[PDB]
Amino acid sequence: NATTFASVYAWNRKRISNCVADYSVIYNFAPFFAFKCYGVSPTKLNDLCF
């Protein structure tokens with residue numbers, strides 16, 4: 001949730017580390033269209049180390 005995101009020409013990158021990756025606040029932002037994680041299960045993000 002920001003002012004305006006860039007297009008695929010200048011897609012910005014934001015790295016996050018050294019913090020407890022809590023993915024529970026993501027579901028409380030807006031109704032999503034496709035929550036398909038192709039690498040891990042959606043209920044397994046808080047059980048693995050990143």
# chains A, B, ... in the order shown; residues from 1 in each chain; ligands from 1
>>> residues_around(residues="segment 9-20 of chain A", least_positions_apart="5", cutoff="12 Å", atoms="only C-alpha atoms", output="PyMOL selection string")
chain A and resi 4+45-50
>>> write_last_selection(atoms="N, CA, C and O atoms", output="PDB file, in the first residue's frame")
ATOM      1  N   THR A   4       2.033   5.081  -5.597  1.00  0.00           N
ATOM      2  CA  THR A   4       1.906   4.533  -6.942  1.00  0.00           C
ATOM      3  C   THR A   4       3.095   3.628  -7.219  1.00  0.00           C
ATOM      4  O   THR A   4       4.246   4.043  -7.042  1.00  0.00           O
ATOM      5  N   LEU A  45       4.856 -20.700   6.020  1.00  0.00           N
ATOM      6  CA  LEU A  45       5.825 -19.610   5.978  1.00  0.00           C
ATOM      7  C   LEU A  45       6.430 -19.336   7.349  1.00  0.00           C
ATOM      8  O   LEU A  45       7.601 -18.948   7.441  1.00  0.00           O
ATOM      9  N   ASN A  46       5.661 -19.529   8.416  1.00  0.00           N
ATOM     10  CA  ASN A  46       6.127 -19.277   9.772  1.00  0.00           C
ATOM     11  C   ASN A  46       6.809 -20.488  10.398  1.00  0.00           C
ATOM     12  O   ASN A  46       7.111 -20.463  11.595  1.00  0.00           O
ATOM     13  N   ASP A  47       7.058 -21.542   9.620  1.00  0.00           N
ATOM     14  CA  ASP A  47       7.716 -22.739  10.121  1.00  0.00           C
ATOM     15  C   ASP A  47       9.067 -22.998   9.468  1.00  0.00           C
ATOM     16  O   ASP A  47       9.703 -24.012   9.781  1.00  0.00           O
ATOM     17  N   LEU A  48       9.522 -22.121   8.576  1.00  0.00           N
ATOM     18  CA  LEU A  48      10.801 -22.282   7.901  1.00  0.00           C
ATOM     19  C   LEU A  48      11.650 -21.036   8.110  1.00  0.00           C
ATOM     20  O   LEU A  48      11.130 -19.941   8.336  1.00  0.00           O
ATOM     21  N   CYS A  49      12.965 -21.218   8.031  1.00  0.00           N
ATOM     22  CA  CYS A  49      13.911 -20.125   8.209  1.00  0.00           C
ATOM     23  C   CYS A  49      14.268 -19.524   6.856  1.00  0.00           C
ATOM     24  O   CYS A  49      14.570 -20.252   5.905  1.00  0.00           O
ATOM     25  N   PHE A  50      14.234 -18.196   6.775  1.00  0.00           N
ATOM     26  CA  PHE A  50      14.563 -17.471   5.559  1.00  0.00           C
ATOM     27  C   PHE A  50      15.726 -16.523   5.820  1.00  0.00           C
ATOM     28  O   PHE A  50      15.935 -16.066   6.948  1.00  0.00           O
TER      29      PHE A  50
END
>>> select_by_dssp(residues="chain A", states="helix (DSSP H, G or I)", output="list in words")
residues 42, 43, 44, 45, 46 and 47 of chain A
>>> write_last_selection(atoms="N, CA and C atoms", output="PDB file, in the first residue's frame")
ATOM      1  N   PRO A  42       1.078 -22.065   1.889  1.00  0.00           N
ATOM      2  CA  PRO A  42       0.753 -20.786   2.545  1.00  0.00           C
ATOM      3  C   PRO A  42       0.750 -20.863   4.061  1.00  0.00           C
ATOM      4  N   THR A  43       0.486 -22.035   4.633  1.00  0.00           N
ATOM      5  CA  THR A  43       0.485 -22.217   6.077  1.00  0.00           C
ATOM      6  C   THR A  43       1.823 -22.716   6.611  1.00  0.00           C
ATOM      7  N   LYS A  44       2.898 -22.594   5.831  1.00  0.00           N
ATOM      8  CA  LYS A  44       4.216 -23.063   6.240  1.00  0.00           C
ATOM      9  C   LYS A  44       5.267 -21.958   6.198  1.00  0.00           C
ATOM     10  N   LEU A  45       4.856 -20.700   6.020  1.00  0.00           N
ATOM     11  CA  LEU A  45       5.825 -19.610   5.978  1.00  0.00           C
ATOM     12  C   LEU A  45       6.430 -19.336   7.349  1.00  0.00           C
ATOM     13  N   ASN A  46       5.661 -19.529   8.416  1.00  0.00           N
ATOM     14  CA  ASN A  46       6.127 -19.277   9.772  1.00  0.00           C
ATOM     15  C   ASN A  46       6.809 -20.488  10.398  1.00  0.00           C
ATOM     16  N   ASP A  47       7.058 -21.542   9.620  1.00  0.00           N
ATOM     17  CA  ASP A  47       7.716 -22.739  10.121  1.00  0.00           C
ATOM     18  C   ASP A  47       9.067 -22.998   9.468  1.00  0.00           C
TER      19      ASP A  47
END
>>> decode(residues="segment 12-35 of chain A", atoms="N, CA, C and O atoms", output="PDB file, in the first residue's frame")
ATOM      1  N   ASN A  12      10.633  -1.749  -8.833  1.00  0.00           N
ATOM      2  CA  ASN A  12      11.515  -1.533  -7.694  1.00  0.00           C
ATOM      3  C   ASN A  12      11.735  -2.828  -6.920  1.00  0.00           C
ATOM      4  O   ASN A  12      10.935  -3.764  -6.985  1.00  0.00           O
ATOM      5  N   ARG A  13      12.839  -2.869  -6.179  1.00  0.00           N
ATOM      6  CA  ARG A  13      13.200  -4.010  -5.351  1.00  0.00           C
ATOM      7  C   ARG A  13      13.379  -3.555  -3.910  1.00  0.00           C
ATOM      8  O   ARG A  13      13.983  -2.508  -3.651  1.00  0.00           O
ATOM      9  N   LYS A  14      12.855  -4.345  -2.975  1.00  0.00           N
ATOM     10  CA  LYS A  14      12.925  -4.025  -1.552  1.00  0.00           C
ATOM     11  C   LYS A  14      13.284  -5.299  -0.800  1.00  0.00           C
ATOM     12  O   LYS A  14      12.465  -6.218  -0.705  1.00  0.00           O
ATOM     13  N   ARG A  15      14.503  -5.353  -0.271  1.00  0.00           N
ATOM     14  CA  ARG A  15      14.967  -6.510   0.481  1.00  0.00           C
ATOM     15  C   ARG A  15      14.721  -6.308   1.971  1.00  0.00           C
ATOM     16  O   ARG A  15      14.883  -5.203   2.497  1.00  0.00           O
ATOM     17  N   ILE A  16      14.320  -7.384   2.644  1.00  0.00           N
ATOM     18  CA  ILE A  16      14.020  -7.363   4.071  1.00  0.00           C
ATOM     19  C   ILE A  16      14.737  -8.535   4.730  1.00  0.00           C
ATOM     20  O   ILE A  16      14.627  -9.675   4.264  1.00  0.00           O
ATOM     21  N   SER A  17      15.468  -8.254   5.806  1.00  0.00           N
ATOM     22  CA  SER A  17      16.190  -9.287   6.533  1.00  0.00           C
ATOM     23  C   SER A  17      16.350  -8.855   7.984  1.00  0.00           C
ATOM     24  O   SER A  17      16.048  -7.717   8.353  1.00  0.00           O
ATOM     25  N   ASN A  18      16.832  -9.791   8.806  1.00  0.00           N
ATOM     26  CA  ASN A  18      17.093  -9.552  10.226  1.00  0.00           C
ATOM     27  C   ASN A  18      15.828  -9.102  10.956  1.00  0.00           C
ATOM     28  O   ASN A  18      15.835  -8.138  11.725  1.00  0.00           O
ATOM     29  N   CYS A  19      14.733  -9.817  10.710  1.00  0.00           N
ATOM     30  CA  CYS A  19      13.457  -9.493  11.330  1.00  0.00           C
ATOM     31  C   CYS A  19      12.527 -10.690  11.213  1.00  0.00           C
ATOM     32  O   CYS A  19      12.678 -11.525  10.317  1.00  0.00           O
ATOM     33  N   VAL A  20      11.565 -10.763  12.131  1.00  0.00           N
ATOM     34  CA  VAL A  20      10.613 -11.872  12.186  1.00  0.00           C
ATOM     35  C   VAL A  20       9.614 -11.683  11.047  1.00  0.00           C
ATOM     36  O   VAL A  20       8.738 -10.817  11.106  1.00  0.00           O
ATOM     37  N   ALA A  21       9.735 -12.504  10.007  1.00  0.00           N
ATOM     38  CA  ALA A  21       8.877 -12.397   8.830  1.00  0.00           C
ATOM     39  C   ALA A  21       7.481 -12.891   9.183  1.00  0.00           C
ATOM     40  O   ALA A  21       7.194 -14.088   9.117  1.00  0.00           O
ATOM     41  N   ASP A  22       6.603 -11.964   9.560  1.00  0.00           N
ATOM     42  CA  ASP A  22       5.226 -12.288   9.905  1.00  0.00           C
ATOM     43  C   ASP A  22       4.332 -12.026   8.699  1.00  0.00           C
ATOM     44  O   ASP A  22       4.166 -10.874   8.282  1.00  0.00           O
ATOM     45  N   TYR A  23       3.761 -13.092   8.142  1.00  0.00           N
ATOM     46  CA  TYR A  23       2.910 -13.001   6.964  1.00  0.00           C
ATOM     47  C   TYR A  23       1.428 -12.961   7.312  1.00  0.00           C
ATOM     48  O   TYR A  23       0.589 -13.171   6.430  1.00  0.00           O
ATOM     49  N   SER A  24       1.085 -12.695   8.574  1.00  0.00           N
ATOM     50  CA  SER A  24      -0.318 -12.647   8.969  1.00  0.00           C
ATOM     51  C   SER A  24      -0.969 -11.316   8.617  1.00  0.00           C
ATOM     52  O   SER A  24      -2.178 -11.271   8.366  1.00  0.00           O
ATOM     53  N   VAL A  25      -0.192 -10.228   8.593  1.00  0.00           N
ATOM     54  CA  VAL A  25      -0.740  -8.915   8.261  1.00  0.00           C
ATOM     55  C   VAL A  25      -1.008  -8.744   6.776  1.00  0.00           C
ATOM     56  O   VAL A  25      -1.674  -7.776   6.385  1.00  0.00           O
ATOM     57  N   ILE A  26      -0.510  -9.652   5.935  1.00  0.00           N
ATOM     58  CA  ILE A  26      -0.720  -9.528   4.496  1.00  0.00           C
ATOM     59  C   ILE A  26      -2.175  -9.810   4.140  1.00  0.00           C
ATOM     60  O   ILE A  26      -2.746  -9.169   3.249  1.00  0.00           O
ATOM     61  N   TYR A  27      -2.801 -10.764   4.834  1.00  0.00           N
ATOM     62  CA  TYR A  27      -4.188 -11.112   4.544  1.00  0.00           C
ATOM     63  C   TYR A  27      -5.163 -10.010   4.938  1.00  0.00           C
ATOM     64  O   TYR A  27      -6.306 -10.017   4.467  1.00  0.00           O
ATOM     65  N   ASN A  28      -4.743  -9.068   5.782  1.00  0.00           N
ATOM     66  CA  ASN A  28      -5.608  -7.996   6.257  1.00  0.00           C
ATOM     67  C   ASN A  28      -5.437  -6.708   5.460  1.00  0.00           C
ATOM     68  O   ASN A  28      -5.820  -5.635   5.938  1.00  0.00           O
ATOM     69  N   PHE A  29      -4.868  -6.790   4.257  1.00  0.00           N
ATOM     70  CA  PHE A  29      -4.666  -5.608   3.424  1.00  0.00           C
ATOM     71  C   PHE A  29      -5.818  -5.408   2.441  1.00  0.00           C
ATOM     72  O   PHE A  29      -6.478  -4.365   2.452  1.00  0.00           O
ATOM     73  N   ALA A  30      -6.070  -6.402   1.591  1.00  0.00           N
ATOM     74  CA  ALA A  30      -7.112  -6.310   0.579  1.00  0.00           C
ATOM     75  C   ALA A  30      -7.437  -7.713   0.093  1.00  0.00           C
ATOM     76  O   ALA A  30      -6.576  -8.598   0.154  1.00  0.00           O
ATOM     77  N   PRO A  31      -8.661  -7.953  -0.378  1.00  0.00           N
ATOM     78  CA  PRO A  31      -8.999  -9.276  -0.927  1.00  0.00           C
ATOM     79  C   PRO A  31      -8.135  -9.606  -2.135  1.00  0.00           C
ATOM     80  O   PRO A  31      -8.119  -8.876  -3.130  1.00  0.00           O
ATOM     81  N   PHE A  32      -7.413 -10.718  -2.041  1.00  0.00           N
ATOM     82  CA  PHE A  32      -6.502 -11.122  -3.100  1.00  0.00           C
ATOM     83  C   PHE A  32      -7.242 -11.895  -4.188  1.00  0.00           C
ATOM     84  O   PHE A  32      -8.362 -12.380  -3.997  1.00  0.00           O
ATOM     85  N   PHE A  33      -6.594 -12.005  -5.346  1.00  0.00           N
ATOM     86  CA  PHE A  33      -7.159 -12.689  -6.503  1.00  0.00           C
ATOM     87  C   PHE A  33      -6.636 -14.109  -6.671  1.00  0.00           C
ATOM     88  O   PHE A  33      -7.396 -15.000  -7.060  1.00  0.00           O
ATOM     89  N   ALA A  34      -5.354 -14.344  -6.384  1.00  0.00           N
ATOM     90  CA  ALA A  34      -4.766 -15.673  -6.540  1.00  0.00           C
ATOM     91  C   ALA A  34      -3.611 -15.792  -5.549  1.00  0.00           C
ATOM     92  O   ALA A  34      -2.528 -15.248  -5.788  1.00  0.00           O
ATOM     93  N   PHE A  35      -3.849 -16.495  -4.448  1.00  0.00           N
ATOM     94  CA  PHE A  35      -2.823 -16.737  -3.434  1.00  0.00           C
ATOM     95  C   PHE A  35      -2.177 -18.105  -3.650  1.00  0.00           C
ATOM     96  O   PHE A  35      -2.363 -19.046  -2.878  1.00  0.00           O
TER      97      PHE A  35
END
